[PDB]
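*Asks:* Requesting a structural model of the entry that follows:
(chains A and B)
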Amino acid sequence: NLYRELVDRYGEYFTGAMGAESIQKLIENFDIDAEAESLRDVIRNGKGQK
DNA sequence: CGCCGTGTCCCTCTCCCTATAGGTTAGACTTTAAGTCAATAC
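*Replies:* Numbering: from 1, shown residues only, chains lettered A, B, ... in the order given. Shown next is the protein structure:
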């Protein structure tokens, strides 16, 4: 209910889907390099469970 | 007020019927490759 009432009032500004095609879109829009460097930074500085 | 260890638990691995339209095959007709005989010459 919440989802349909956001999309029919705020139809622009974003794209939202459901299912495996959405996961495929996520993998499409995913920079492996910057995320990997962020993980390197986290291991370099962070500690604990993180 | 803001994050970190210990504990418990969940999970995984191992030893009905009707009506229309169209495709398929089986069955027979005429043609052809095939088996056959008779006389002959060297």
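*Asks:* what about whatever residue of chain A ends up closest to DNA strand B, how many neighbours?
*Replies:* In chain A, the residue that lies nearest DNA strand B is residue A:48 (3.6 Å; CB to the nearest atom of the strand). No exception for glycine: its C-beta is placed from N, CA and C like everyone else's. Here the count is done by other CB atoms under 10 Å, and residue A:48 has 4 residues near it.
*Asks:* what does residue A:29 give?
*Replies:* Counted with other CB under 10 Å, the burial measure for residue A:29 works out to 7 neighbours.
*Asks:* Which residues of chain A lie near DNA strand B?
*Replies:* If contact is defined as CB under 7 Å from any atom of the strand, the residues of chain A in contact with DNA strand B are A:47, A:48, A:49, A:50.
*Asks:* Name the surrounding residues that touch the helix ranked longest in chain A.
*Replies:* As assigned by DSSP state H, the longest helix anywhere in chain A is helix A:32-45. Judged by CB atoms under 8 Å, 6 or more residues apart in numbering, the contacts made with helix A:32-45 from elsewhere in the structure are residue A:50.
*Asks:* ok, now with 10 Å
*Replies:* Identification of contacts with helix A:32-45 by CB atoms under 10 Å, 6 or more residues apart in numbering yields A:31, A:46, A:50.
*Asks:* And that helix, how far out from the chain middle?
*Replies:* Using CA atoms, centre = their mean, to the nearest Å, the distance from the centre of helix A:32-45 to the centre of the chain it belongs to is 16 Å.
*Asks:* List the buried residues in that helix.
*Replies:* Of the residues in helix A:32-45, none are scored as buried under the neighbour-count criterion (16 or more other CB atoms under 10 Å).
*Asks:* Restricting to C-alpha, output that helix in PDB.
*Replies:* Once non-C-alpha atoms are left out, helix A:32-45 reads as follows in PDB (Å, rounded to 0.1, in the frame of the first residue of the first chain):
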ATOM      1  CA  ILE A  32      33.000  -2.700  -8.100                       C
ATOM      2  CA  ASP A  33      36.200  -0.500  -7.800                       C
ATOM      3  CA  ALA A  34      35.000   2.300  -5.500                       C
ATOM      4  CA  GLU A  35      33.100  -0.200  -3.300                       C
ATOM      5  CA  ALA A  36      36.200  -2.300  -3.000                       C
ATOM      6  CA  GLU A  37      38.400   0.700  -2.100                       C
ATOM      7  CA  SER A  38      35.800   1.700   0.500                       C
ATOM      8  CA  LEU A  39      36.000  -1.800   2.000                       C
ATOM      9  CA  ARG A  40      39.800  -1.500   2.000                       C
ATOM     10  CA  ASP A  41      39.400   1.800   3.800                       C
ATOM     11  CA  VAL A  42      37.000   0.200   6.400                       C
ATOM     12  CA  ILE A  43      39.400  -2.600   7.100                       C
ATOM     13  CA  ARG A  44      42.300   0.000   7.300                       C
ATOM     14  CA  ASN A  45      40.500   2.200   9.800                       C
END
